[PDB]
């Protein structure tokens, strides 16, 4: 499997994408950071413009709400596996979440997938293919799926499939973080910083 469907890992997020025109796929992301000792964003293959964009957009939300400054770090991103035919989302939230997870040292729940376009300002924007994505997530044996609030009426799931996964709509990045970050002290202290 290319994704983990349970437990908790630092820097790792199950995103979701569409392949060919219908189908959904889990899109697992890994982020790492090392001091740049300005900094670069390192990712390769077909979805790397998407990673640079998600990173550019979270760096500002990171500097603003907390201490750290992404300018001073290299941020090293992979999509775990290869992804031709795959259209990801602009400024994807799973990628920004992985980055936040890596910098804070706080593990992300892998039983939760998510799909979302991040505004610089930290909103969760709607996205396409949302039904086919939640389907892929149901298929991967995932438990929850985070989606933009404005994608709520796009969720076109047969009754049996709405019993199979929780659909948690969000409209800001802090709410994403409350949902997927592992419970503890470090999460408590990050969530505070995020009052607004």
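Residue numbers count along the first chain shown, from 1. Between two forms, the rigid core is the largest collection of C-alphas that superpose within 1.5 Å.
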Higher-deviation segment by CA RMS in 4 other deposited structures of this protein, core fitted, 20-28 or 6-14:
20-28
Stretch 153-161 versus stretch 126-134: after rigid core alignment, which one is farther off in C-alpha RMS in 4 other deposited structures of this protein?
153-161
Sequence continuity check, residue 159 and residue 160 (deposited residues unmodelled)
none
With reference to the PDB entry, specify whether the mean Cα temperature factor is higher for 6-14 or for 20-28.
20-28
The stretch whose C-alpha atoms carry the larger average B-factor in the entry, 149-157 or 130-138, is 149-157
Have a look at 39, 45, 163, 169 and flag the one whose Cα has the highest B-factor in the entry.
39
Going by the entry, which third of its chain does the Cα temperature factor of residue 81 land in?
middle
Third of the chain, ranked by Cα B-factor, where residue 143 sits:
middle
Looking at the temperature factor on the CA atom of residue 87, which third of the chain's modelled residues does it land in?
highest
Temperature factor at the Cα of residue 115, chain-ranked in thirds, falls in the lowest
For residue 102, return the chain-relative third of its C-alpha B-factor as stated in the PDB record: lowest, middle or highest.
lowest
